[PDB]
């Protein structure tokens, strides 16, 4: 056998803490400063370092290299690690989101030790409570101008954070872009030519941010109704979990709604030919820092559906496309491996092990009022909440 992975997925130790709504998160100066600082560290790391931003984003699609393996394969199937169009879409991405979260959290830990003000203890406590925030793309408070993302995520070239001696400073915004160093050699097309990640490109290959924002606001009432249908009309894992063997046939799935969200950021639908940026392209999406806010919400919506539909989990499905860790033609189940994620016991993670998200050290503020309550009570309450929040 021998050791398999150099960076086990273990999640976050200590008390369970919430992943916050990005709108709330940015208002907390301690969480926001630590996130920006932690993100600076990750992004500045050598791109061959497996704990780097580049490598973490690298797992999802390109480059088609093994991640954090102590021993290479003899013949590597060069493909995405991510699983899409399969019963394992939700659970693989839960594991992926926690791999990121733990790496960010470890970085935030070292950062907090550098504060030298009289409130340093508060900075230290903040770092261990820190979790990855979510963009609730399905919420629309009947306000045409409402945007679910703050300027710190989508507009500001520089952001105000608190420096270690307690002083106010501006820094280049690590959330707005990732600057490659260098661009991945195996990127082709526009991606070979783009130095940073790019959102909502135009014909000239430049970012059209206001076009993107206009499109989000316009789509938002459509997304309320669609999210609600996705949460409340799916009763089985098959219809909920993935977009179908013909991509589109499961129109109401979590995956399909999630697909459209990628295109809101990554791809202007009016352009002809289409010109997607990183978020509009599966092999490149994970390099954009907003990928993690998007996926934090996909995991939240999963957590909400699971609560209403308790003990309705992964059902057997076919694997049609070979992915770096999955055999083409094999049957997929709750005991199928989720490469490249390993436990500290050097076993592969299974959907099995992460049905209970609290096992990875997080929850969502939605579940605060139902702590310690019965499955049935939790299901009722959350069903009322979903009707209030997305109805």
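Positions refer to the first chain, counted from 1.
- Stretches 299-307 and 246-254 differ in mean C-alpha B factor, with the higher average recorded for 246-254.
- Of the two segments, 202-210 and 157-165, the one listed with the higher mean B-factor is 202-210 (C-alpha atoms only).
- For the set 88, 127, 121, 95, the PDB entry assigns the largest Cα B-factor to 121.
- Going by the entry's values, 74 shows the largest Cα B-factor out of 312, 74, 285, 107.
- Sort the modelled residues of the chain by CA B factor and residue 195 lands in the highest third.
- In the deposited entry, the Cα temperature factor of residue 81 sits in the middle third of values across the chain's modelled residues.
- Looking at the C-alpha B-factors along this chain, the one for residue 321 belongs to the highest third.
- When the modelled residues of the chain are ordered by C-alpha B-factor, residue 70 sits in the highest third.
- Sorting the modelled residues of the chain by their CA temperature factor places residue 294 in the lowest third.
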